[PDB]
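The data below hold one chain only, encoded as structure tokens and taken in the form deposited without its partner chain.
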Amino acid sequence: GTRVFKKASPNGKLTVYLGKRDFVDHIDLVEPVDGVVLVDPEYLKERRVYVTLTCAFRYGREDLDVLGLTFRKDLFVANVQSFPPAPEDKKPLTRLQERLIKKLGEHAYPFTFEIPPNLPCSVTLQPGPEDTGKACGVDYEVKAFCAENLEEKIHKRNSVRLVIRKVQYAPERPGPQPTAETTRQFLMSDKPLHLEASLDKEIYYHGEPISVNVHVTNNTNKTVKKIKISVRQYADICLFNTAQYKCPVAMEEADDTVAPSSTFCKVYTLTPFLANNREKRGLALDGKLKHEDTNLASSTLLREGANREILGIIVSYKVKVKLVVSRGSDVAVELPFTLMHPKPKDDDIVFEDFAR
């Protein structure tokens, strides 16, 4: 069938319908935000119905939104007048908007938004109970409201707000293997311990295993007593309160040894996922911890020569490989990778509440 999310205003006069909650950014373009708003003329009359799409960065207690306490910076705002229509936007109606207007009445008006690709994806930094005031993130909001003009105050019984998400996808690049990272260290020795590691891919999706090929050429007389393989998330806050967070999101400690004067090679596999990091603090996520469709945040795509500050939060991931040498130092390398949201993958309509 065909699911349609909907949400009515408090007073029940205004209703918004959307074909989905998450819109995929394909780097070059973002899936269109195509919806419909069911209106009530007798109720409005002179009041027009507007629909606004806002991408904003927020900093402060997440439960609050009060001037003087919470910080907010709009990154993009688009408003359309859905009622009465007018070439506000040449409406090449989407099939869904067509079927929806059919399903609803003569009071169903379409609204459509095209989200610019250079904008940051939805992201939420969970700071921890002791630092709840350092919470922040990037959110997208669709707001339909009844008003005489975009100059006067919006009434909450007169409006409806839906928080949609923009999530990031990128296909795997058919080409060369990722470059290996290496390090050569002398451990009170004439010859070095050479550590080399590489990942099986450049791009991984949420839930996908990551295989790390570890190769050690131990030309010293010391012994590696154990190998620690981890995935680390780095999250830099770039607006309002500059800061950098780092958090392991997967870890595997292997009591594998590398004897003096020998070579060792092994593939380790780990999967980072939120499910095992719920208690972690200072972690970037792609939605609110409470929602079931939330994952670790995706890697921020930084296009060449882009203002990185207006992205709000920059998220990156590395795999770390560390050799613990026995005290008869430690040797480590880090490997960058890109974490993406998985690929998306005319039957009668079915409504469902938007509320996640």
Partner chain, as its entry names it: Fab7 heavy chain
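Residue numbers count along the first chain shown, from 1. By rigid core we mean the largest C-alpha set that fits within 1.5 Å across both forms.
- Farther from the shown form on average, by C-alpha root mean square after a core fit in 5 other deposited structures of this protein, is 145 to 153, of the stretches 243 to 251 and 145 to 153.
- In a rigid core superposition of the other structures in 5 other deposited structures of this protein, 159 to 167 and 100 to 108 differ in how far their CA atoms stray, and the farther one is 100 to 108.
- Of the other compared PDB entries of this protein that include residues on both sides, all give residue 35 atoms, none of them, and so not a third, leaving it without.
- Among other compared entries that model residues flanking residue 334, every one gives it coordinates, keeping it clear of the one-third cutoff.
- The stretch of deposited sequence separating residue 345 from residue 346 contains 10 or more residues lacking coordinates in this entry.
- The modelled chain is continuous from residue 41 to residue 42, since every residue of the deposited sequence in that stretch has coordinates.
- Comparing the deposited coordinates for 194 to 202 and 126 to 134, the stretch with the larger average C-alpha B-factor is 126 to 134.
- Higher mean CA B-factor, judged across 87 to 95 and 261 to 269 from the recorded values: 87 to 95.
- Each of 153, 165, 215, 73 has a CA temperature factor in the record; the biggest one is found at 153.
- When the C-alpha B factors of 232, 102, 143, 225 are read from the deposited coordinates, the top value falls at 102.
- Sort the chain's modelled residues by C-alpha temperature factor and residue 171 lands in the middle third, per the entry.
- Sorting the modelled residues of the chain by their CA temperature factor places residue 148 in the highest third.
- Sort the chain's modelled residues by C-alpha temperature factor and residue 29 lands in the middle third, per the entry.
- Among the modelled residues of its chain, residue 321 has a C-alpha B-factor that falls in the lowest third, as given in the PDB entry.
- Sorting the modelled residues of the chain by their CA temperature factor places residue 250 in the lowest third.
We do not show the form solved in complex with its partner chain, though everything after this point is about it.
- This chain lacks the partner; the member of 80, 274, 214, 147 within 4.5 angstroms of its partner chain in the deposited complex by a non-hydrogen atom is 274.
- In the deposited complex, its partner chain stays beyond 4.5 Å of every heavy atom belonging to residue 52.
- In the deposited complex, its partner chain lies farther than 4.5 Å from every heavy atom of residue 175.
- The shortest heavy atom separation between residue 256 and its partner chain in the deposited complex exceeds 4.5 Å.
- Taking the partner from the other structure, its partner chain in the deposited complex has a heavy atom within 4.5 Å of a heavy atom of residue 168.
- Not one of 190, 193 and 260 is positioned with any heavy atom within 4.5 Å of its partner chain in the deposited complex.
- Annotation for 269 to 294: interface residues with its partner chain in the deposited complex are 269, 271, 272, 273, 274, 275, 278, 286, 292, 293, 294 [heavy atom within 4.5 Å].
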